[PDB]
Amino acid sequence: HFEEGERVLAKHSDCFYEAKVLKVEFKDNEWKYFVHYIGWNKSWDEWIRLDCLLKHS
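Heads up: the sequence shown runs through residues 51 to 107, numbered per the UniProt record's numbering.
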């Protein structure tokens, strides 16, 4: 659904932030995405699930 390198919106807590997908993995019948939040410390990088992601536009 999303690819390595892709600009996306990623939900953290209550709202969506500009982010970039760094890694994609599939395990236990589900996709997960390691995302970086644009402009933010790398310490906030995290694995999130598909329903936490939005394509732009």
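C-beta atoms are modelled at their ideal positions from N, C-alpha and C, and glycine is treated no differently.
In terms of Cβ geometry, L104 and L72 do not form a close pair [threshold 9 Å]. In the structure shown, the three-state DSSP call for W94 is helix. Of the candidates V74, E75, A69, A69 places its Cα closest to the Cα of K61.
Taken atom to atom, the span from the alpha-carbon of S63 to that of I98 is near 12 Å. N79 has its alpha-carbon roughly 26 Å from the corresponding atom of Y67.
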